[PDB]
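Colleague: curious how this folds, go ahead:
(chains A, B, C and D, ligands or ions: 4)
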Amino acid sequence: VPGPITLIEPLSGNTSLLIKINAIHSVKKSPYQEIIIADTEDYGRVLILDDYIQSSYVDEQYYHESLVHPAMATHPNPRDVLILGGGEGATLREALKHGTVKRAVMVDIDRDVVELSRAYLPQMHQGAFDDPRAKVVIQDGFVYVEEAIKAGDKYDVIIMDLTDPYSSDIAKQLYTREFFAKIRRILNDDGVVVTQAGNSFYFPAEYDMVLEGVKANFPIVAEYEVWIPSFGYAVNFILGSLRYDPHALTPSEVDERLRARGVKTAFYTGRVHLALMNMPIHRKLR
Amino acid sequence: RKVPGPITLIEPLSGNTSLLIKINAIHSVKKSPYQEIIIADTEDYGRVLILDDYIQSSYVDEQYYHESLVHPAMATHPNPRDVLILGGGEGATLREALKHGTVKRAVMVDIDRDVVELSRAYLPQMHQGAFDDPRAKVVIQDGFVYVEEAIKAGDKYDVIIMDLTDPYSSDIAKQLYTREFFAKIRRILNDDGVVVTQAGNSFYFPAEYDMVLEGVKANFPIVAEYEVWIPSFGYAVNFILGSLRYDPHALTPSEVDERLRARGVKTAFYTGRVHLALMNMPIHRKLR
Amino acid sequence: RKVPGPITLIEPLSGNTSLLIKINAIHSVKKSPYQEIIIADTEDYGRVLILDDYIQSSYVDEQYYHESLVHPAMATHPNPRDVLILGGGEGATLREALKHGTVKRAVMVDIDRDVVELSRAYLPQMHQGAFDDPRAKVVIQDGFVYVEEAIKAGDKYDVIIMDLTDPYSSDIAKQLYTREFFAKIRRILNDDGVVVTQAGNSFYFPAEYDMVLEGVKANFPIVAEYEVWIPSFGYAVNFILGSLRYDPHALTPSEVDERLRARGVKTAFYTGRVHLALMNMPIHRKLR
Amino acid sequence: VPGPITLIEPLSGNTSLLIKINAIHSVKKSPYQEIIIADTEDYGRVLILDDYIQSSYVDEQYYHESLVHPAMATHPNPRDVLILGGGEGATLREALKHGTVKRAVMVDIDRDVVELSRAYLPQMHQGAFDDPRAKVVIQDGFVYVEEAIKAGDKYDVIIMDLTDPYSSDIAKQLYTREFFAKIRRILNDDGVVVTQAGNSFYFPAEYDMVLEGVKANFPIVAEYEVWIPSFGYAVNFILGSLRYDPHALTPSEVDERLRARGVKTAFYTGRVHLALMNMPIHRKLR
Ligand SMILES: CSC[C@H]1O[C@@H](n2cnc3c(N)ncnc32)[C@H](O)[C@@H]1O
Ligand SMILES: CSC[C@H]1O[C@@H](n2cnc3c(N)ncnc32)[C@H](O)[C@@H]1O
Ligand SMILES: CSC[C@H]1O[C@@H](n2cnc3c(N)ncnc32)[C@H](O)[C@@H]1O
Ligand SMILES: CSC[C@H]1O[C@@H](n2cnc3c(N)ncnc32)[C@H](O)[C@@H]1O
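Modeller: Numbers count the residues shown, from 1 in each chain, chains lettered A, B, ... in the order given. Ligands and ions are numbered 1, 2, ... in the order given. Here you go:
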């Protein structure tokens, strides 16, 4: 039974997790959110924002590989990547593994998250912030996208790695139908977007809202989920595509693209892709 | 609500993580000779059965568990006529197995009369009358003793489903998870038979998981491992399917759907595509 | 057992501290128009009444609360004949007041019919038949409205006991804790009357405590502050006694005991020596 | 509602406290017990041993003044004081306030507690460890008392400030009938002993055992309790005396002795003494 020091992680409002804490490395009230970096017995080091674990050493690769690789592998040649959120740098780490990437931009609203990750989460970023192909921008992603439309910027793959649509004030504007219309305006004609969408089991209304938003703007939409122990649930992802269909990729094609591009993974493979594409998402059944 | 309440179940998960679950009502508390039983209503999961603090089953998500436990095995077997279930006290496992039109005889063996009785009374959406199907026999006995007696009698089954309390926590079930017990299971299977068991959780309890896996592998030439997230448990349950002849990996979605249709099996979750996903998704392990 | 369970009440205490209390059974859950009511059995405290997550009363320790609330005031008054109780939904306050042989009329006013009804049914050791004493009248009404109507009618009482939900948490009771309300209380007291109220907790909620204290002091020349540890609440409840003539500080143990004897008052806790202790023990404050 | 980081403090087994933690200053697994020093929102800095708060900045004075002053004030001239336990040094701090004290010995089994208190709990010891009248001995108090009998050592006042009789393995031998017989052998003829005895409400059996032990060995016994918010209960104290009766002290006599000896307190006064002597201890009433 966990203790004596414990994190109470909110899950649904009607369920929470109690997680044994071994140490607290940092506590910072930023202008945007409360940040904690801590060591947990079960999950090793974690980043916590407003009481929610964002990432853990023992299971973050399940999250970041699931977020990034299906989209990157679906695109036959992703050269320009935009990441909204991803403050710990693991999303950037995964995207930069694709040898085809020439430019990766990461936009986070909160300098404190990026700085504390640089210092305390080395196994997450793994030097990605200093890759010559990477640019880290501190800005509200809403404003950044407006400015990119004005400039006529274009990306192959846009990855949204934000705080949750069911809980997060600072990210709420990025989950609307209107924002996805803007995302489409900064994609190439064969581009792909992927976002995490919370959890369809515990937060179906918020999930459905994000889904409707993506569907209104993209002809091809894939929904898939992965269990992340440290979150207490299976995260839902939504992949929106303008041309290429993730459902049409075979295990062999996935593995060949990963190999050709020099992508090493702890989890994601062609067989995983097939499973993600075929497993329906969880809903309350009664 | 950061802390669910005011009335809360503290469900152990790993020892280093637990779940706090809002309770709306308690319908029954019974200290049986074997274990502490609670039936309660939860806000998130509806009605639950709890044994020794662990949720065994919930109204909102039990179909994910019982369909995942039962159908891959039953669908792998081309003609399962005789089914044995060890555990399954709430009757949902029996419910799922009886859906296969080919089944002529289903035996369910649970050590604890109180679980079966309280389920009859309080969990109608789980058993759905399965206890009273003319094809079904409910036996109250330790499954270890029952299997020894079946060897003596020379009993044989097509499909054996083990739906017990967890291998990492449950004293009453520990003997049923050994290499030696799986040798006994093999002795009461037909030559083309299949066994399936839940094996706890490979992420939080890898040692206990590996022990069950080694046990199955020592006794069965074909072994499939698959997992499914069950919200009310707080983790993805691991299942281990052991087969003497037929390979679940060889089934196509179309073949699965055709067998389900032919046998009159209606499901809320399991389909040919789900089968494919289960067969191709690797199980979770701590990665660092 | 580091974590009490499996079923647990999470009782808020300060916001920065809460109590986790093992629950054995839930006898009733009722969402009334005013508040959420639970009656439950706890391992440590026996049966409890819970309103909006806060234990109001427990079988094992309620006598410490009700005797401390009622008897100092009743014993201070040389001849209390007419008693008004605001709140006191479980009937234990009424029980204690009626023990004084001098009492001819006791009125108990609670806003919430559901509390009184569920107490009648499930908390017999609290009311102990007090609701049906010929000297007692139970009125269902907001205490604010009742006091306004009593002013209009020119009603007068010897002792007014306020036994409400907390001043730091309770919306329904907030109007009864103001300077202005205590001015109204004074208008329905005889010239030598006394009021007593619980005032939350001066350690965890000093601001709310000080506000109630200032309110009483503005209206009453004699004010005594005392506290008693109530295990089931997680803190020492603060009481404030306001008096128009008679000083509780002037009572000797022997005089208290003589008045209790003369009036036929039997207690489990309160005595003359307890009175002396209550009058001399300073209340708790955060010291750093 | 407390969080996100929380201490789960055991109370009875059937009740525990959840306490918001702001920071952890130190975690040490000593040979004897697990030690944590932390900042709590409600109670400020705390020392925790095996999950139980031993002392908090906001309420420790209620505990230490209640433990020390009734006994010291009962004795007309306490010159030699022995303290068993008291690892944070607050007991020593309170005892040294009496101008009559010439020698105060503090005996704790655990060097780590004393060291971590020196470093992290300055408001508790307040330099008491380095008072010329003080001697700090690291030793099991059972062994120390046996050695004192052999040497024929004598004290005026013995204060036992140990971990709880209902939970603590390392202290169990010091709470027996036989140990109180030994305590009597190292007291002068007019000496006094005082000990905390856990809690008579939640742990009546353990309480009664300590009480029976004291009663078998001392003709005058006083029982009193004080609510300590950070513990979640009213601590019970038991004062054993060979000659002088704490019940016979008037408030004025208490105040005169405090004044004469130069004792300044935040809580204890003559009126408090009278209250402590007259308030019965709590028991489950049903
Ligand atoms: C830790 S990964 C999630 C990241 O998303 C960031 N985030 C939240 N809202 C926004 C926004 N509107 N624009 C950019 N980044 C955001 C948070 O600061 C966090 O670092
Ligand atoms: C609720 S489904 C799990 C069931 O397994 C049952 N069980 C546990 N151990 C054994 C055993 N050795 N034999 C049969 N049933 C068991 C428990 O009684 C429970 O009903
Ligand atoms: C449990 S005893 C405390 C009682 O105070 C009652 N109460 C709260 N606010 C008011 C009010 N304004 N008037 C009368 N009773 C009240 C609650 O219904 C509860 O029964
Ligand atoms: C913090 S005050 C309580 C102290 O009692 C000390 N203690 C516990 N058992 C013994 C013992 N047998 N002898 C001396 N000190 C002890 C502990 O190390 C702790 O520091």
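
Colleague: pretty sure residue A:72 contacts residue A:158?
Modeller: No: contact criterion Cβ atoms under 8 Å: residue A:72 and residue A:158 do not qualify, at 11.3 Å. C-betas here are computed from N, CA, C, even on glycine.

Colleague: which residues of the stretch 51-200 of chain A fall in strands?
Modeller: With DSSP state E, counting those that start in this stretch as the criterion, the stretch 51-200 of chain A has strands at A:52-56, A:80-85, A:103-108, A:134-138, A:155-161, A:187-196.

Colleague: how far does the third one sit from the chain's center?
Modeller: Think strand A:103-108. Between the centre of strand A:103-108 and the centre of its chain there are 13 Å (Cα atoms, centre = their mean, to the nearest Å).

Colleague: give the contact list for the residue of the stretch 1-150 of chain A found nearest ligand 4.
Modeller: Proximity of the stretch 1-150 of chain A to ligand 4 (Cβ to the nearest ligand atom) peaks at residue A:4, 15.7 Å away. Shown in contact with residue A:4 (Cβ atoms under 8 Å, 6 or more residues apart in numbering or on different chains): C:2, D:7-9, D:36, D:48, D:51.

Colleague: in CSV, list the residues you listed along with secondary structure.
Modeller: Shown next, in CSV, are these (DSSP: H, G, I helix; E, B strand; the rest coil):
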residue, secondary structure
C:2, coil
D:7, strand
D:8, strand
D:9, strand
D:36, strand
D:48, strand
D:51, coil
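
Colleague: so which of these is the most crowded?
Modeller: The residue in these with the most neighbours, by other Cβ atoms under 10 Å in any protein chain shown, is residue D:7 (27 neighbours).

Colleague: that one and residue A:8 touch, don't they?
Modeller: No: Residue D:7 is beyond contact range of residue A:8, at 11.4 Å (criterion: Cβ under 8 Å).

Colleague: quick one, phi psi at the residue lying closest to residue A:32 once chain neighbours are set aside?
Modeller: Nearest residue to residue A:32 in three dimensions, chain neighbours excluded: residue A:110, at 4.6 Å (Cβ to Cβ, 6 or more residues apart in numbering or on different chains). The phi/psi pair for residue A:110 (degrees, to the nearest 10) reads phi -130, psi 100.

Colleague: spit out the contact partners of residue A:110.
Modeller: A:30-33, A:87, A:138, A:170 are the contacts of residue A:110 under Cβ under 8 Å, 6+ apart.

Colleague: closest one of the residues you listed to ligand 2?
Modeller: Ranked by distance to ligand 2 (Cβ to the nearest ligand atom), those are led by residue A:33 at 42.0 Å.

Colleague: I'd say that closest one and residue A:167 touch.
Modeller: No: Residue A:33 is not in contact with residue A:167 according to Cβ under 8 Å; the separation is 10.6 Å.

Colleague: mind listing the shared neighbours of the two?
Modeller: Common neighbours of residue A:33 and residue A:167, using Cβ under 8 Å, 6+ apart, are residue A:50.

Colleague: and the residue most central in space within chain A, what is it in contact with?
Modeller: Most central in chain A under Cα atoms, centre = their mean is residue A:161, positioned 3.3 Å from the mean C-alpha point. Counting by Cβ under 8 Å, 6+ apart, residue A:161 touches A:67, A:83-86, A:91, A:196.

Colleague: then residue A:47?
Modeller: Per Cβ under 8 Å, 6+ apart, neighbours of residue A:47: A:35-37, A:53-55, A:87-88, A:113, A:116-117, A:121, A:124.

Colleague: ligand 1 next: which of these are close?
Modeller: Checking these against ligand 1 by Cβ under 6 Å from any ligand atom, the ones in range are A:54, A:87-88, A:113.

Colleague: walk me through the domains of chain A.
Modeller: Split into domains by curated CATH domains, chain A comes to A:1-54, A:55-243.

Colleague: residues in the stretch 101-250 of chain A within reach of ligand 1, list them.
Modeller: Within reach of ligand 1 by Cβ under 6 Å from any ligand atom, the stretch 101-250 of chain A has these residues: A:107-110, A:113, A:140-142, A:161-163, A:170-171, A:174.

Colleague: show the contacting residues for residue A:238.
Modeller: Going by Cβ under 8 Å, 6+ apart, residue A:238 touches A:194-195, A:197, A:210-211, A:214, A:221-223.

Colleague: residue A:83 bridge partners, please.
Modeller: residue A:106, residue A:159 (DSSP bridges).

Colleague: show me the contacts for it.
Modeller: Neighbour list for residue A:83: A:91-92, A:95, A:104-107, A:158-161 [criterion: Cβ under 8 Å, 6+ apart].

Colleague: do the same with residue A:9
Modeller: A:16-19, A:48, A:51-53, A:232, D:4.

Colleague: and residue A:270, by the same measure?
Modeller: Residue A:270 is in contact with A:249-255, A:258, counting by Cβ under 8 Å, 6+ apart.

Colleague: surely residue A:95 touches residue A:158?
Modeller: No: with contact defined as Cβ under 8 Å, residue A:95 does not count as touching residue A:158 (10.7 Å).

Colleague: touching both of those two, which residues are there?
Modeller: Going by Cβ under 8 Å, 6+ apart, residues that sit against residue A:95 and also against residue A:158 are A:81, A:83.

Colleague: what residue in the stretch 51-200 of chain A comes nearest to ligand 2?
Modeller: Counting by Cβ to the nearest ligand atom, the stretch 51-200 of chain A gets nearest ligand 2 through residue A:199, at 26.5 Å.

Colleague: so for that residue, what's the nearest residue that isn't a sequence neighbour?
Modeller: Spatial nearest neighbour of residue A:199, chain neighbours left out: residue A:233 (4.7 Å); criterion: Cβ to Cβ, 6+ apart.

Colleague: measure the one you found to chain D for me?
Modeller: Using Cβ to the nearest Cβ, to the nearest Å, residue A:233 is found at 18 Å from chain D.

Colleague: for that residue, list each beta-bridge partner.
Modeller: Going by DSSP bridges, residue A:233 is paired in beta bridges with residue A:228.

Colleague: what distance separates the start and the end of stretch A:78-87?
Modeller: When the termini of stretch A:78-87 are compared using Cα to Cα, to the nearest Å, they are 22 Å apart.

Colleague: centre of the chain to it, how far?
Modeller: Distance of stretch A:78-87 from its chain centroid, counting by Cα atoms, centre = their mean, is 10 Å.
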